[PDB]
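First come two forms of one protein chain, each written alone as structure tokens, so that there is a structure 1 and a structure 2.
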Structure 1
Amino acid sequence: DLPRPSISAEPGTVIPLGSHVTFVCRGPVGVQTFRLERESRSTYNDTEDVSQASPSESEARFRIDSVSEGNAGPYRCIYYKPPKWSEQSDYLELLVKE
């Protein structure tokens, strides 16, 4: 029933050390909560500050100020559209040069 989300990074997926990046989860219309997952069991963020990016879809945006090389690696999206969660988006790999 409901489409799997999409994940992207801004400006890109390759970001120098200390710089900023912004993950952009999107799925359809009528999403209540977006969750950005890094290791989905322990570390993740939930937002209700959902924006609309098209007649067809909506998007939430999460941002880290000073990116550590710790912050490199995988990330995925999920959205909760009551009463159920979406399947899990495809992996985004953030790359950070030493």
Structure 2
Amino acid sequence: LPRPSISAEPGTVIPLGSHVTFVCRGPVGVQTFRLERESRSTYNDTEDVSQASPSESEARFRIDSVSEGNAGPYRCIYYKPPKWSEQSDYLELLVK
């Protein structure tokens, strides 16, 4: 149960009305990835997990039509049956 990592495509700075894709990574054997807002506390779960390497699985989350409301810190957590991981480091989305 390593610490998950979070990244953003195309990056942390997003124009208004555009989109961003959050990519969480964990070890193999993840059943669920959660994208969690640290602020506004909304979660996003998926089991749409792909294997990116022998020791790495990932899940992607797209947020569309970003506005000032979606700006803030995001974190990833995974469930590797039967235990939930620690949270990832945060990533702040800036909506310019």
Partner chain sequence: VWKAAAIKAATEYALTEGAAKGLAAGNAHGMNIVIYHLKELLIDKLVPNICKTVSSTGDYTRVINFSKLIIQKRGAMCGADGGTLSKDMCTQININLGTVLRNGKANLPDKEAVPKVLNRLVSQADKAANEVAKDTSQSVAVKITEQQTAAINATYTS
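Throughout, rigid core stands for the largest set of C-alpha atoms superposing within 1.5 Å between the two forms. Please note that residue numbering is based on structure 1, beginning with 1 at the start of its sequence. Residues that one form lacks are left out of the comparison.
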With each form of the chain shown alone, which structure should be assigned as the form solved without its partner chain?
2
At a threshold of 2 angstroms on the CA positions, core aligned, which residue out of 71, 32, 40, 45 shifts between structures 1 and 2?
40
Inter-form CA displacement between structures 1 and 2 at residue 80 - rigid core frame, Å:
0.2
Fit on the rigid core and then flag the segments of at least 3 consecutive residues whose Cα positions all differ by 2 Å or more between structures 1 and 2.
39-42
